[PDB]
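Below is one structure; the comments refer to it alone.
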Amino acid sequence: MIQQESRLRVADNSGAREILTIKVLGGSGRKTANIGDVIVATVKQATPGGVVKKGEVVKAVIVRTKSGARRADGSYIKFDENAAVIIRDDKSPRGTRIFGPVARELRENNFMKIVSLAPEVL
Amino acid sequence: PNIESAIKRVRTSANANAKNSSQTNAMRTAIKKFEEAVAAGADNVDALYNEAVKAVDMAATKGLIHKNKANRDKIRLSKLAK
Amino acid sequence: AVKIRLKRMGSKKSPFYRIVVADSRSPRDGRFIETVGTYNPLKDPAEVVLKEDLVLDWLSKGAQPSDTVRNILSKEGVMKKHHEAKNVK
Amino acid sequence: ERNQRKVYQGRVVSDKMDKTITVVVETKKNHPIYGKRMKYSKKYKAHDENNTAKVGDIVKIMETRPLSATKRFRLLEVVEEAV
RNA sequence: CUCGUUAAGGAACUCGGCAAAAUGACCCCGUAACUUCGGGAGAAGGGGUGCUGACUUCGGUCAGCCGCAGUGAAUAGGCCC
RNA sequence: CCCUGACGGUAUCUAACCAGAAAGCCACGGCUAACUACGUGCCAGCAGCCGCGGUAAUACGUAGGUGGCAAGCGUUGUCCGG
RNA sequence: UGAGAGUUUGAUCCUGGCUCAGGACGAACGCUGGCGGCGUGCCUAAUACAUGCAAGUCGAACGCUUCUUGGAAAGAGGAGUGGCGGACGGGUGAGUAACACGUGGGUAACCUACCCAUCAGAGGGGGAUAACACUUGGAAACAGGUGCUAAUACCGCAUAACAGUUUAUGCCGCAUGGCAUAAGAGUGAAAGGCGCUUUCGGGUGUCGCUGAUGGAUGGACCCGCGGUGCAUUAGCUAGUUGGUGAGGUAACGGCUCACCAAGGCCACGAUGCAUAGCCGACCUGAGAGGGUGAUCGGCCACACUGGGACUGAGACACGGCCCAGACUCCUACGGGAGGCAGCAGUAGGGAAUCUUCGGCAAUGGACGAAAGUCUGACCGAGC
């Protein structure tokens, strides 16, 4: 669960490192976000050089939370991190490389361009 | 690789590496087996000196140590026992 | 693998050659050890100049001629002298 | 041994190290543009079997082979001692 | 009312981080602007710490052993612009 | 004795025919070789440095002529000389 | 083989700057163009690279298999084990201010396939394996399992010390030491193929195989001296400088270790920062000098960026391997593939720089006994 003023690492090649969450789009008083949910955020730390510069308001999708997800067959998955990928308003990564491993729920929510580039898809 | 002859060199040299390392380890353990018995003061002390010398000599005819390394080795061992 | 081979020195379609003793790894027109004579493919009875006292010394040290150098070293009677010094003593 | 090495002359300058001494050999050479002669110095290290020679001595040295990271000379003889 | 613990988040609380939590011992390494040249200075930031044996020049160092954790409890600076 | 040329029917040589197909770029006030007309009027323009242009301009723009080189001729940039 | 001129003033002499008259170029661009000969042609992004080609060869080392003329001998194909080559030839100048290069020396601290010479060997055994046949998992790239087989493939046993080392002797040298002769101790190799004579003949020609020594050729290390700007860059070093021993390398050495000491370099420019491959040579000048290092030759460094080793006589490898990184591509999502600063060619940058050509006939190179096969080196043609 990820709420207002949580901080996420970036699993992308876009020029951002840390991100601060501003909204949890979808609903009118919704509290938390999960794996496969879209978000509005601030860039807090960038990389010297990069398409995305610090201070920008931008959209991102969550992969890889600590309090993870639950599957219909009774099994669970959990990660050691919270991470997101910055998105281009029709679900495409604004970078070209995803880092680290990714949850399989991004298929059902139809981020198919992102499930092509992840190293591992769990 | 691209060239057909570069593909054969890969397996040929892999095999050469395998047997080269086997025989070098043989020599190294023979020498060490002599050293650990001269450091104990044990009976059966000249026979394994002979065996270590023979080990080094045979490694030099298998193209594993040059030839000067072998002279050096036999000198060092000679000054320890005989 | 010391050799005795030819080295091109013309302009574009009028070639000339120096007879030279070189290490076989060297480029055809690159480095060499010394020059031993001259050879001219034009000039209908072709012209050969050569010292023939260094050819006999390099030959006895293991240098080896190319195919054309052997032809023009036998037309001069240098291979017979090598024959009469080596396998006669 | 028909080939010959290089021997030099100089005055000893340091004798602190054990078995090693610095010898300064001095010479004059000219200027490339203008004419006159300036003096020039370079220091050498030489080997001492027993830490014998002292400062002010006038020595000879000879070229050997690498004996350390810096020393390439040995001590031939002492010609004239300081007092 | 006085105490102990708490998933995920981590000042979004409130007039205001109020109150809590965090730092805390000894040994070693290091330590900026500025300055009335004394300071600033415990600046900041990092590492070691139990037990057995051998050697211990002396003060310690090497080899080995056990646990999630060795100032294994109690007592003891949060810092920066 | 016998055997091999990508270039290539290339260079070259012989016969016939025809002055017929084949000249441009820069400069001309002083430095620095080479001058007169007309147009325009501190305008339009020129200049490496001196400097030209306001009614008779050998300094601007054309024409005739002349000078330098020539299948090239001028311009800019870079270096040494003076 | 040393030429000068205009321009400060109302006029002058001196001082002084600015400008012009000569050369040259990997040149670009404007106007304009008939030919032959010989040369030259990405100076910028060491930017990213579609497509073809640039390294193979050997049946006279070895077993298999497919044809054309049921037992037949030749000719032409296919993959495999084994040898040698792929470290050359060809490209580029990013790094580098240092033994990198130039010139002059040293190694009594060194290695070297093929080639030439000399001496001595070449004995007798063993256990496998690819191919092939069957079989499993694979999207593919490719991996495993079972059974049979050959050698100049591999492994032990014999015999050889001329090699190294130690002792005595003689001669000698620039410290360490060098040469020659005598002994003593432990030890170490090897492979056949094609022919000739073939009475069993058991002989022999040739090419290969093992050990030792020389030559040649190629590489390695150390030293003197020489070539750049800044002092509005003065302090730099802690394996740092020396010793003892040990390990290590072809080889000497703080090369690397443990201990002991407190040394080393600097105004004769240490250290740092910026720029740069170096030379034969080339342009200009009366010379002394100054400015460049394009075609051609020599030395060095690099190979998409950064680490490492392996095989080998030789590489820390230019069309080789392994790992990390950025980028590009194919995928059934489990995974796989790649490196034009070789020759052509393309997009891009720029004021700016060529054909996706023919041939191994000549010269050189690899393998083979040889015919030959390979060669974008190279010889020619095109703009």
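Here's how to read the names in the structure tokens: chain A, B, ... by the order shown, residue numbers from 1 in each chain, ligand numbers from 1 in the order shown.
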- DSSP alpha helix (DSSP H) selection over chain B, as a VMD selection string: chain B and resid 4 to 38 46 to 61 68 to 78
- Identify which of the residues G:377, G:301, G:371, G:252 lies closest to residue 94 (chain G), counting only C-alpha atoms (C1' of nucleotides) when measuring atom-to-atom distances.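 Nearest candidate to residue 94 (chain G) out of G:377, G:301, G:371, G:252: G:301.
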- Can you list, as a ChimeraX atom specification, every protein, DNA or RNA residue that comes within 12 Å of residue 6 (chain B) when you count only C-alpha atoms (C1' of nucleotides), leaving out same-chain residues fewer than 2 positions away? /B:1-4,8-13 /G:55-56,85-86,319-321
Distance filter 9 Å, only C-alpha atoms (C1' of nucleotides), chain E against chain A, as a PDB file with N, CA and C atoms (P, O5', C5', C4', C3', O3' and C1' of nucleotides), in the first residue's frame:
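Generated output (selection14.pdb):
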```
ATOM      1  P     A E   7       4.860  -2.415  12.370  1.00  0.00           P
ATOM      2  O5'   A E   7       4.190  -3.259  11.218  1.00  0.00           O
ATOM      3  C5'   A E   7       4.454  -4.641  11.022  1.00  0.00           C
ATOM      4  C4'   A E   7       3.713  -5.096   9.799  1.00  0.00           C
ATOM      5  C3'   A E   7       3.939  -4.209   8.586  1.00  0.00           C
ATOM      6  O3'   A E   7       5.033  -4.642   7.799  1.00  0.00           O
ATOM      7  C1'   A E   7       1.610  -4.439   8.997  1.00  0.00           C
ATOM      8  P     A E   8       6.186  -3.622   7.377  1.00  0.00           P
ATOM      9  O5'   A E   8       5.456  -2.668   6.351  1.00  0.00           O
ATOM     10  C5'   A E   8       4.962  -3.165   5.121  1.00  0.00           C
ATOM     11  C4'   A E   8       4.105  -2.146   4.426  1.00  0.00           C
ATOM     12  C3'   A E   8       4.632  -0.727   4.413  1.00  0.00           C
ATOM     13  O3'   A E   8       5.647  -0.512   3.463  1.00  0.00           O
ATOM     14  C1'   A E   8       2.370  -0.682   4.994  1.00  0.00           C
ATOM     15  P     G E   9       6.871   0.458   3.801  1.00  0.00           P
ATOM     16  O5'   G E   9       6.218   1.901   3.904  1.00  0.00           O
ATOM     17  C5'   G E   9       5.638   2.528   2.779  1.00  0.00           C
ATOM     18  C4'   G E   9       4.826   3.740   3.157  1.00  0.00           C
ATOM     19  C3'   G E   9       5.562   4.922   3.748  1.00  0.00           C
ATOM     20  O3'   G E   9       6.270   5.652   2.770  1.00  0.00           O
ATOM     21  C1'   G E   9       3.492   4.608   4.848  1.00  0.00           C
ATOM     22  P     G E  10       7.724   6.271   3.035  1.00  0.00           P
ATOM     23  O5'   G E  10       7.519   7.310   4.207  1.00  0.00           O
ATOM     24  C5'   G E  10       6.680   8.443   4.041  1.00  0.00           C
ATOM     25  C4'   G E  10       6.429   9.156   5.339  1.00  0.00           C
ATOM     26  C3'   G E  10       7.647   9.830   5.946  1.00  0.00           C
ATOM     27  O3'   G E  10       7.217  10.980   6.671  1.00  0.00           O
ATOM     28  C1'   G E  10       6.848   8.204   7.438  1.00  0.00           C
ATOM     29  P     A E  12       3.843  17.786   6.465  1.00  0.00           P
ATOM     30  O5'   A E  12       2.740  16.725   6.044  1.00  0.00           O
ATOM     31  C5'   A E  12       1.869  16.955   4.951  1.00  0.00           C
ATOM     32  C4'   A E  12       0.683  16.025   4.977  1.00  0.00           C
ATOM     33  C3'   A E  12      -0.080  15.912   6.285  1.00  0.00           C
ATOM     34  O3'   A E  12      -1.025  16.954   6.455  1.00  0.00           O
ATOM     35  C1'   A E  12       0.269  13.761   5.331  1.00  0.00           C
TER      36        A E  12
END
```
- Excluding residue 133 (chain G) and residues on its chain fewer than 4 positions from it, collect all residues at most 12 Å away from it, counting only C-alpha atoms (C1' of nucleotides), and give them as number ranges by chain. G: 146-148
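Using only C-alpha atoms (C1' of nucleotides), one finds that the residues of chain A close to chain G, at 12 Å or less, are residues 13, 96, 97, 115, 116, 117, 118, 119, 120, 121 and 122 of chain A.
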